[PDB]
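J.: The following file, start.txt, comprises compact mmCIF, C-alpha atoms and all ligand atoms:
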```
# COMPACT_ATOMS: atom_id res chain seq x y z
CA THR A 2 267.55 34.31 120.75
CA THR A 3 271.00 32.69 121.00
CA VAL A 4 272.40 30.04 118.65
CA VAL A 5 272.00 27.55 121.51
CA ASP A 6 268.27 28.09 122.08
CA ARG A 7 267.54 28.34 118.35
CA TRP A 8 268.78 24.79 117.79
CA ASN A 9 268.29 23.30 121.27
CA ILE A 10 272.01 22.53 121.49
CA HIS A 11 273.07 19.96 124.13
CA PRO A 12 270.04 20.38 126.45
CA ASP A 13 271.97 18.40 129.09
CA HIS A 14 274.33 21.36 129.49
CA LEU A 15 272.50 24.00 131.56
CA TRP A 16 275.48 26.37 131.61
CA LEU A 17 274.97 26.76 127.85
CA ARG A 18 271.97 28.91 128.85
CA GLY A 19 273.39 30.67 131.90
CA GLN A 20 272.10 28.13 134.41
CA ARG A 21 275.14 27.70 136.64
CA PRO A 22 275.68 25.96 140.00
CA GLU A 23 276.40 28.20 143.01
CA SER A 24 279.75 26.48 143.59
CA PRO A 25 282.47 26.44 140.90
CA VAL A 26 283.54 22.97 142.08
CA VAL A 27 280.73 20.41 142.50
CA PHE A 28 281.53 16.74 143.19
CA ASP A 29 279.44 14.26 141.20
CA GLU A 30 278.94 10.72 142.48
CA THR A 31 277.93 8.89 139.30
CA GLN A 32 280.12 9.64 137.62
CA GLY A 33 282.70 9.87 140.38
CA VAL A 34 284.38 13.05 139.15
CA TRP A 35 284.75 16.61 140.45
CA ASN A 36 283.16 19.04 138.00
CA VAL A 37 284.71 22.52 137.72
CA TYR A 38 282.59 25.28 136.17
CA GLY A 39 284.41 28.42 137.30
CA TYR A 40 286.80 30.51 135.17
CA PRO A 41 289.32 31.56 137.85
CA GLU A 42 289.32 27.99 139.21
CA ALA A 43 289.90 26.35 135.82
CA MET A 44 292.74 28.81 135.21
CA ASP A 45 294.30 27.89 138.57
CA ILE A 46 293.89 24.16 137.93
CA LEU A 47 295.35 24.34 134.40
CA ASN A 48 298.38 26.34 135.55
CA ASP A 49 299.12 23.96 138.42
CA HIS A 50 300.08 20.84 136.42
CA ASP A 51 301.95 19.31 139.38
CA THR A 52 298.81 19.21 141.53
CA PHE A 53 296.54 18.52 138.56
CA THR A 54 298.26 15.95 136.35
CA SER A 55 297.28 14.84 132.82
CA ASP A 56 298.13 11.12 132.78
CA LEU A 57 295.04 9.38 134.16
CA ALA A 58 295.86 5.70 133.54
CA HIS A 59 296.26 4.86 137.23
CA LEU A 60 292.91 6.60 137.91
CA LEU A 61 290.80 4.67 135.37
CA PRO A 62 288.60 1.76 136.52
CA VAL A 63 289.34 -1.70 135.07
CA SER A 64 286.05 -1.30 133.21
CA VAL A 65 288.05 1.14 131.06
CA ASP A 66 290.17 -1.09 128.80
CA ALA A 67 291.87 1.63 126.72
CA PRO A 68 294.83 1.09 124.34
CA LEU A 69 297.58 3.59 125.13
CA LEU A 70 298.24 5.78 122.10
CA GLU A 71 302.01 6.23 121.74
CA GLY A 72 303.35 9.77 121.68
CA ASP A 73 300.14 11.39 122.93
CA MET A 74 301.45 14.49 124.71
CA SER A 75 298.05 15.38 126.23
CA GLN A 76 298.09 12.12 128.21
CA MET A 77 301.73 12.67 129.10
CA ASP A 78 303.25 14.18 132.28
CA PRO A 79 306.55 16.00 132.94
CA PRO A 80 309.52 15.57 132.87
CA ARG A 81 308.97 13.43 129.73
CA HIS A 82 306.20 15.72 128.41
CA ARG A 83 308.51 18.74 128.77
CA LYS A 84 311.23 17.17 126.61
CA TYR A 85 308.66 15.90 124.09
CA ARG A 86 307.03 19.34 123.83
CA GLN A 87 310.35 21.20 123.55
CA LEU A 88 311.25 18.96 120.63
CA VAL A 89 307.95 18.87 118.74
CA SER A 90 307.60 22.65 119.11
CA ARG A 91 311.08 23.02 117.58
CA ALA A 92 309.43 21.73 114.41
CA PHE A 93 305.75 22.67 114.67
CA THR A 94 306.43 26.41 114.48
CA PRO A 95 304.52 29.64 113.68
CA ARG A 96 306.76 30.26 110.65
CA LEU A 97 306.04 26.84 109.11
CA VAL A 98 302.30 27.37 109.58
CA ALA A 99 302.30 30.89 108.12
CA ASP A 100 304.20 29.68 105.04
CA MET A 101 301.31 27.28 104.35
CA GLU A 102 298.76 30.05 103.73
CA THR A 103 298.86 30.08 99.92
CA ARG A 104 298.57 26.30 99.90
CA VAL A 105 295.59 26.49 102.29
CA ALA A 106 293.91 29.05 100.03
CA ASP A 107 294.53 26.86 96.97
CA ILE A 108 292.99 23.78 98.59
CA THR A 109 290.09 25.93 99.84
CA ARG A 110 289.44 27.31 96.35
CA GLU A 111 289.37 23.84 94.77
CA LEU A 112 286.85 22.67 97.36
CA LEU A 113 284.60 25.70 96.85
CA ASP A 114 284.94 25.31 93.08
CA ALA A 115 283.12 21.98 93.33
CA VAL A 116 279.97 23.47 94.87
CA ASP A 117 280.07 26.99 93.42
CA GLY A 118 276.63 27.98 92.11
CA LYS A 119 274.57 25.30 93.88
CA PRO A 120 271.37 26.41 95.68
CA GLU A 121 272.41 24.34 98.70
CA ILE A 122 275.76 23.24 100.15
CA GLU A 123 276.72 21.23 103.22
CA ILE A 124 279.54 22.99 105.07
CA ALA A 125 281.22 20.00 106.72
CA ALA A 126 281.32 17.58 103.80
CA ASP A 127 282.19 20.26 101.23
CA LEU A 128 284.75 22.37 103.11
CA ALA A 129 285.10 22.20 106.90
CA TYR A 130 285.99 18.49 106.98
CA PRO A 131 288.25 17.89 103.95
CA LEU A 132 290.41 21.01 104.44
CA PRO A 133 292.17 20.19 107.75
CA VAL A 134 292.83 16.62 106.54
CA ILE A 135 294.53 17.67 103.31
CA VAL A 136 296.42 20.54 104.95
CA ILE A 137 297.94 18.43 107.74
CA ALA A 138 298.76 15.59 105.31
CA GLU A 139 300.78 17.90 103.05
CA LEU A 140 302.59 19.25 106.11
CA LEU A 141 303.63 15.64 106.75
CA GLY A 142 305.02 14.97 103.27
CA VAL A 143 301.90 13.36 101.83
CA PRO A 144 301.79 14.31 98.11
CA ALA A 145 298.51 15.00 96.26
CA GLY A 146 298.75 11.79 94.23
CA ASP A 147 298.46 9.88 97.51
CA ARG A 148 295.13 11.44 98.57
CA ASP A 149 293.12 8.41 97.40
CA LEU A 150 295.40 6.29 99.60
CA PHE A 151 294.55 8.39 102.66
CA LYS A 152 290.80 8.59 102.11
CA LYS A 153 291.18 4.82 101.88
CA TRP A 154 292.82 4.73 105.33
CA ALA A 155 290.69 7.63 106.61
CA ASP A 156 288.50 5.64 109.02
CA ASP A 157 291.27 3.41 110.43
CA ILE A 158 293.62 6.34 111.08
CA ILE A 159 291.15 8.22 113.29
CA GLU A 160 290.12 5.15 115.29
CA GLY A 161 293.79 4.30 115.72
CA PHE A 162 295.12 7.74 116.66
CA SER A 163 292.23 9.62 118.30
CA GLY A 164 293.27 8.84 121.86
CA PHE A 165 291.48 9.13 125.21
CA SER A 166 288.67 9.84 125.70
CA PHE A 167 287.26 9.66 129.24
CA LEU A 168 283.63 10.81 128.91
CA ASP A 169 282.94 9.13 125.56
CA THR A 170 284.76 5.82 126.03
CA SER A 171 282.90 2.54 125.73
CA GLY A 172 284.07 -1.07 125.81
CA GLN A 173 283.12 -1.55 122.16
CA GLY A 174 284.67 1.82 121.33
CA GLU A 175 288.09 0.83 122.69
CA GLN A 176 287.64 -2.56 121.00
CA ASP A 177 287.40 -0.72 117.66
CA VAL A 178 290.63 1.20 118.38
CA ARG A 179 292.48 -2.11 118.92
CA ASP A 180 291.23 -3.63 115.65
CA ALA A 181 292.12 -0.54 113.62
CA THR A 182 295.60 -0.48 115.21
CA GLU A 183 296.09 -4.08 114.03
CA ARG A 184 295.64 -2.83 110.45
CA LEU A 185 298.12 0.08 110.50
CA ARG A 186 301.41 -1.56 109.47
CA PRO A 187 301.23 -0.04 105.96
CA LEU A 188 300.62 3.50 107.28
CA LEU A 189 303.48 3.24 109.77
CA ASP A 190 305.65 1.78 107.00
CA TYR A 191 304.53 4.77 104.92
CA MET A 192 305.55 7.35 107.52
CA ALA A 193 308.81 5.53 108.30
CA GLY A 194 309.76 5.72 104.63
CA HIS A 195 309.28 9.50 104.56
CA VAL A 196 311.20 9.90 107.83
CA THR A 197 314.10 7.84 106.48
CA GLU A 198 314.02 10.06 103.39
CA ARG A 199 314.09 13.34 105.32
CA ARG A 200 317.05 12.12 107.37
CA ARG A 201 318.79 11.16 104.11
CA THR A 202 317.91 14.30 102.15
CA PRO A 203 316.70 17.12 104.47
CA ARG A 204 314.07 19.64 103.38
CA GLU A 205 312.47 22.79 104.74
CA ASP A 206 309.45 20.90 106.10
CA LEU A 207 307.88 19.47 109.28
CA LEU A 208 309.17 15.87 109.12
CA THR A 209 312.73 17.11 108.62
CA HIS A 210 312.45 19.60 111.48
CA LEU A 211 311.15 16.82 113.76
CA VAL A 212 314.15 14.70 112.72
CA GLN A 213 316.57 17.57 113.35
CA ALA A 214 315.01 18.90 116.60
CA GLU A 215 317.85 19.19 119.10
CA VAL A 216 317.65 20.36 122.75
CA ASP A 217 321.24 19.53 123.93
CA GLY A 218 321.64 16.59 121.53
CA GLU A 219 318.69 14.71 122.99
CA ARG A 220 316.46 13.82 120.01
CA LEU A 221 313.36 11.90 118.94
CA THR A 222 313.75 8.36 117.63
CA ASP A 223 312.42 7.55 114.15
CA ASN A 224 309.60 5.63 115.85
CA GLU A 225 308.59 8.59 118.04
CA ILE A 226 308.56 10.80 114.95
CA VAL A 227 306.27 8.34 113.12
CA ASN A 228 303.94 8.34 116.13
CA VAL A 229 303.97 12.15 116.39
CA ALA A 230 303.06 12.41 112.71
CA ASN A 231 300.25 9.83 112.84
CA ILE A 232 298.79 11.50 115.91
CA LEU A 233 298.90 14.94 114.23
CA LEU A 234 296.95 13.43 111.30
CA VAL A 235 293.91 13.26 113.59
CA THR A 236 294.41 15.56 116.61
CA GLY A 237 292.61 18.84 116.11
CA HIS A 238 291.14 17.61 112.84
CA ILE A 239 287.58 17.01 114.11
CA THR A 240 287.77 20.10 116.36
CA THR A 241 288.88 22.22 113.40
CA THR A 242 285.85 21.23 111.27
CA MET A 243 283.58 21.80 114.27
CA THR A 244 285.15 25.24 114.76
CA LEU A 245 284.53 26.10 111.10
CA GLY A 246 280.89 25.00 111.26
CA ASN A 247 280.30 26.56 114.68
CA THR A 248 281.47 30.00 113.52
CA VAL A 249 279.03 29.97 110.59
CA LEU A 250 276.18 28.79 112.82
CA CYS A 251 276.80 31.59 115.34
CA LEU A 252 276.88 34.08 112.46
CA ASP A 253 273.68 32.70 110.88
CA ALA A 254 271.87 33.17 114.20
CA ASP A 255 272.54 36.93 114.12
CA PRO A 256 272.10 38.35 110.56
CA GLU A 257 273.27 41.84 111.58
CA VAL A 258 276.55 40.59 113.07
CA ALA A 259 276.97 38.30 110.06
CA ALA A 260 276.51 41.25 107.69
CA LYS A 261 278.99 43.31 109.71
CA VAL A 262 281.59 40.51 109.66
CA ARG A 263 281.15 40.02 105.92
CA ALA A 264 281.68 43.76 105.45
CA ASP A 265 284.73 43.94 107.73
CA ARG A 266 286.88 40.83 107.30
CA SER A 267 289.26 42.02 110.04
CA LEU A 268 286.62 40.62 112.42
CA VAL A 269 286.88 37.06 111.04
CA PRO A 270 289.48 35.78 113.53
CA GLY A 271 287.54 37.43 116.37
CA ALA A 272 284.38 35.70 115.16
CA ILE A 273 286.30 32.41 115.21
CA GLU A 274 287.66 33.08 118.71
CA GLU A 275 284.20 34.05 119.97
CA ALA A 276 282.67 30.87 118.51
CA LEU A 277 285.21 28.80 120.45
CA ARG A 278 284.14 30.56 123.65
CA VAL A 279 280.44 30.13 122.81
CA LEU A 280 280.44 26.59 121.39
CA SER A 281 283.51 24.73 122.66
CA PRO A 282 284.73 21.75 120.57
CA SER A 283 286.79 20.89 123.65
CA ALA A 284 284.11 21.44 126.29
CA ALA A 285 285.67 19.14 128.89
CA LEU A 286 289.21 18.44 130.08
CA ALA A 287 290.30 15.78 132.56
CA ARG A 288 292.94 16.11 135.27
CA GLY A 289 294.10 13.97 138.18
CA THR A 290 294.82 15.10 141.74
CA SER A 291 298.33 14.25 142.93
CA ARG A 292 297.52 15.49 146.45
CA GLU A 293 294.69 16.80 148.60
CA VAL A 294 293.89 20.31 147.37
CA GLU A 295 291.37 23.01 148.28
CA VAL A 296 289.70 24.67 145.28
CA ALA A 297 287.26 27.46 146.20
CA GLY A 298 286.48 26.17 149.69
CA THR A 299 286.11 22.67 148.27
CA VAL A 300 288.61 20.05 149.48
CA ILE A 301 289.39 17.49 146.76
CA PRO A 302 291.06 14.26 147.96
CA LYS A 303 294.21 12.79 146.39
CA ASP A 304 293.84 10.54 143.31
CA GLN A 305 290.48 11.96 142.23
CA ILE A 306 289.39 12.82 138.69
CA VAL A 307 288.62 16.50 138.03
CA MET A 308 286.50 17.44 135.02
CA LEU A 309 287.25 20.96 133.81
CA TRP A 310 284.17 22.18 131.96
CA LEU A 311 285.87 24.82 129.83
CA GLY A 312 282.60 25.58 128.04
CA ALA A 313 281.12 26.63 131.36
CA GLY A 314 284.23 28.57 132.36
CA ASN A 315 283.94 30.33 129.00
CA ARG A 316 280.60 31.70 130.23
CA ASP A 317 281.61 32.77 133.74
CA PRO A 318 280.10 36.25 134.33
CA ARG A 319 283.06 37.04 136.61
CA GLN A 320 285.23 36.94 133.48
CA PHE A 321 282.86 37.61 130.58
CA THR A 322 280.32 40.44 130.45
CA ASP A 323 277.11 39.24 128.80
CA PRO A 324 278.49 35.66 128.62
CA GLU A 325 275.55 34.34 126.56
CA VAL A 326 276.10 36.93 123.80
CA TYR A 327 278.13 35.96 120.72
CA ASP A 328 280.18 39.13 120.12
CA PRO A 329 283.12 38.83 117.67
CA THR A 330 284.46 42.22 118.84
CA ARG A 331 285.55 40.95 122.28
CA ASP A 332 289.19 42.00 122.63
CA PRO A 333 290.96 40.36 124.14
CA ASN A 334 289.01 37.11 124.36
CA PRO A 335 290.85 34.89 126.88
CA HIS A 336 288.71 31.77 126.42
CA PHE A 337 289.75 28.18 127.23
CA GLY A 338 289.25 27.01 123.62
CA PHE A 339 292.88 25.97 123.23
CA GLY A 340 293.45 25.26 126.92
CA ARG A 341 296.03 26.95 129.16
CA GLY A 342 299.46 26.03 130.54
CA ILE A 343 302.09 23.46 129.52
CA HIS A 344 299.51 21.58 127.46
CA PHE A 345 298.23 24.62 125.50
CA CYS A 346 297.02 23.59 122.03
CA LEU A 347 299.99 23.19 119.69
CA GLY A 348 297.98 23.40 116.46
CA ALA A 349 296.16 26.61 117.37
CA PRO A 350 297.87 28.91 114.85
CA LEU A 351 297.19 26.32 112.12
CA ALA A 352 293.55 26.06 113.20
CA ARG A 353 293.25 29.85 113.20
CA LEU A 354 294.85 30.06 109.74
CA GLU A 355 292.56 27.46 108.18
CA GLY A 356 289.61 29.18 109.84
CA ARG A 357 290.47 32.66 108.55
CA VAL A 358 291.24 31.47 105.02
CA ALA A 359 288.23 29.14 104.70
CA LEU A 360 285.77 31.65 106.18
CA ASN A 361 286.88 34.55 103.96
CA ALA A 362 286.71 32.41 100.82
CA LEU A 363 283.28 31.06 101.82
CA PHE A 364 281.84 34.57 102.21
CA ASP A 365 283.52 35.61 98.95
CA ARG A 366 282.00 32.69 97.03
CA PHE A 367 278.58 32.74 98.70
CA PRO A 368 277.16 36.24 99.41
CA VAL A 369 274.08 34.57 100.93
CA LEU A 370 274.11 31.67 103.41
CA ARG A 371 271.12 30.66 105.54
CA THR A 372 270.17 27.55 107.53
CA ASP A 373 267.35 25.25 106.44
CA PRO A 374 264.74 24.14 109.03
CA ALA A 375 263.88 21.30 106.63
CA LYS A 376 267.54 20.26 106.78
CA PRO A 377 268.56 21.38 110.29
CA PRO A 378 272.16 21.57 111.56
CA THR A 379 273.08 18.36 113.37
CA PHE A 380 275.53 18.04 116.25
CA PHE A 381 278.04 15.50 117.54
CA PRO A 382 276.42 13.13 120.13
CA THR A 383 279.36 13.57 122.55
CA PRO A 384 278.88 15.56 125.84
CA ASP A 385 282.46 16.87 125.86
CA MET A 386 282.40 18.13 122.27
CA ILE A 387 280.07 20.93 121.20
CA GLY A 388 280.17 21.23 117.42
CA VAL A 389 278.19 20.65 114.25
CA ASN A 390 278.75 17.51 112.17
CA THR A 391 276.61 18.78 109.30
CA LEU A 392 275.63 22.18 108.02
CA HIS A 393 273.12 22.61 105.24
CA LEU A 394 273.19 26.13 103.81
CA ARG A 395 271.11 27.90 101.16
CA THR A 396 272.99 29.91 98.55
CA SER A 397 269.72 31.81 98.36
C1 LIG A 401 289.95 24.54 116.70
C2 LIG A 401 290.82 23.51 116.72
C3 LIG A 401 291.44 22.89 118.00
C4 LIG A 401 291.00 22.92 119.27
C5 LIG A 401 289.70 23.56 119.80
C6 LIG A 401 291.96 22.20 120.10
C7 LIG A 401 291.90 21.98 121.46
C8 LIG A 401 292.96 21.63 122.28
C9 LIG A 401 293.00 21.72 123.74
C10 LIG A 401 291.86 22.23 124.65
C11 LIG A 401 294.19 21.28 124.15
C12 LIG A 401 294.67 21.19 125.62
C13 LIG A 401 294.53 19.73 126.06
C14 LIG A 401 294.82 19.56 127.53
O1 LIG A 401 295.12 20.57 128.22
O2 LIG A 401 294.74 18.40 128.02
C15 LIG A 401 294.96 20.89 122.98
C16 LIG A 401 296.25 20.39 122.96
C17 LIG A 401 296.93 19.89 121.87
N1 LIG A 401 296.65 20.16 120.52
FE1 LIG A 401 294.83 21.08 119.86
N2 LIG A 401 292.98 21.76 119.27
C18 LIG A 401 292.71 22.17 117.98
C19 LIG A 401 293.50 21.93 116.86
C20 LIG A 401 294.71 21.26 116.81
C21 LIG A 401 295.50 20.95 115.62
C22 LIG A 401 295.08 21.34 114.18
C23 LIG A 401 296.61 20.29 116.01
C24 LIG A 401 297.78 19.73 115.16
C25 LIG A 401 297.79 19.59 113.82
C26 LIG A 401 296.56 20.16 117.46
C27 LIG A 401 297.50 19.55 118.27
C28 LIG A 401 297.52 19.50 119.66
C29 LIG A 401 298.46 18.73 120.45
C30 LIG A 401 299.61 17.84 119.94
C31 LIG A 401 298.07 18.99 121.92
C32 LIG A 401 298.75 18.42 123.18
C33 LIG A 401 299.80 19.42 123.65
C34 LIG A 401 300.34 18.99 124.99
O3 LIG A 401 299.71 18.11 125.63
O4 LIG A 401 301.39 19.53 125.43
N3 LIG A 401 295.40 20.77 117.91
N4 LIG A 401 294.17 21.12 121.86
```
Could you take the file, read its structure, and then write that structure out as structure tokens?
T.:
Amino acid sequence: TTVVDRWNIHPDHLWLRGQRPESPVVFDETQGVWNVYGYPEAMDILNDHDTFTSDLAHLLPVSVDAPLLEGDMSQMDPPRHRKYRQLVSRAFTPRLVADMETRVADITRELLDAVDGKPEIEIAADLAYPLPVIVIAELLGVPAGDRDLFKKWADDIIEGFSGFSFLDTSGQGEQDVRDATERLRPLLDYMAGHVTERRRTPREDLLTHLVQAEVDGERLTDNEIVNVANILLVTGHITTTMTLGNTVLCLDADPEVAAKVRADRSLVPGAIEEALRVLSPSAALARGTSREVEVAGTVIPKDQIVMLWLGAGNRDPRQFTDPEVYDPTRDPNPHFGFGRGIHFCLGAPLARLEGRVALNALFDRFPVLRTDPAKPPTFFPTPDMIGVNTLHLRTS
């Protein structure tokens, strides 16, 4: 019995149980998008960014009244995206992430210290959710003493810098984004002050590296840097906590694999990777056709919206043997969890670091963790995001 069937996870998604359409590409008419379920097809689509573009503004109906989030690279197309990515990736580096490990462990310990010994913890509220927030804030020059100032802004930040948002958008939803954005002057004055400081007295940190990022002299403006930082405050945050909770849920569902993983911590990252393939926080990606293109015998007209169901592609039997089986030992595990191509997830090594550190400490602190049917795991309502929003676990 899989983790999906145990908790009746997203019953709307049949591919979560191996029920797949015969064709990889199936046009909807609802819902006027082209759904892609196949692994080789998704790979082809993701690699061909020219044919399958990422800026969908011209493709959205006037019913979609969405505020454009400044600096959002995922909604951005080349050549501008290329320059923006070259620059941001000059700063957001593997070395900077790796150097954060001790800090991540220290934050993780403090969080676990608060609930150590309790007969029941809730994984999201106690660990999975606060950790990515604090970690990314410190990377952006937010000192500990200013945590109360950021929990204060917590709600407004995420409404104001979440972004789009095709499947889940509503009129009232976008309305909320606008209102939050109207109350963000003091956050953007906050970031601007730290950017001005890093340009004045440079440090070995992210904000400074964003200021100094070069590529033949062509740099980011202070305003673009502030926008990059504010976006980073929320991008990957929710998905990171989902990923943390999803891994534990997959492990709970199979006590023998859980025991094996606890015994052999070298399997932790693999268990995290496998959870991303099994329960995808980013289940759906949107692309726009720039021309008429044939994908697997299916002709897609120009200016059509393609929905890449990465969760389904992650279960394509052509690519994955026993696709419905959570197996942390899969090596390699070329899932679509972080995407593929010029838009490949930038925060992936940070996500993987927080995951490995948090998981190992959780197992260390709590030798026994089991779900409660009286307090069942809940899930995000969204169709494009497959992750837990709450976990209740027994110390037992
Ligand atoms: C488990 C956690 C995460 C998952 C599952 C995830 C998922 C993804 C996916 C699927 C994409 C590709 C989007 C596309 O092709 O349109 C992406 C891109 C991106 N990610 Fe993540 N993400 C995670 C964490 C993070 C974190 C922690 C950060 C930064 C602190 C981050 C920053 C970004 C940015 C800036 C992009 C856009 C890159 C571009 O468009 O060139 N992500 N993410």
J.: Around ligand LIG 401 (chain A), at most 7 Å away and counting only C-alpha atoms and all ligand atoms, which residues are there? Put them as a VMD selection string, please.
T.: chain A and resid 55 74 to 77 82 86 137 233 to 234 236 to 238 240 to 241 244 277 281 to 283 286 to 287 337 to 341 343 to 349 351 to 352
J.: Just checking: using only C-alpha atoms, which residue out of A:109, A:213, A:170, A:163 ends up closest to residue 357 in chain A?
T.: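 Of A:109, A:213, A:170, A:163, the one nearest residue 357 in chain A is A:109, counting only C-alpha atoms.
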J.: Write out as a list in words each polymer residue whose atoms come within 10 Å of residue 50 in chain A, counting all atoms listed in the file; drop sequence neighbours fewer than 5 positions from it.
T.: residues 45, 55, 78, 79, 288, 289, 290, 291, 342, 343 and 344 of chain A
J.: At a cut-off of 12 Å, using all atoms listed in the file, what residues contact range 200-208 of chain A? Leave out same-chain residues fewer than 5 positions from it and give the result as a PyMOL selection string.
T.: chain A and resi 88-98+100-101+137-143+192-195+213-214+221-223+225-231+233
J.: With a distance cut-off of 10 Å and all atoms listed in the file, select the neighbouring residues of residue 382 in chain A, excluding the residue or stretch itself and same-chain residues fewer than 6 positions from it, and output the selection as a ChimeraX atom specification.
T.: /A:11,169,388-390
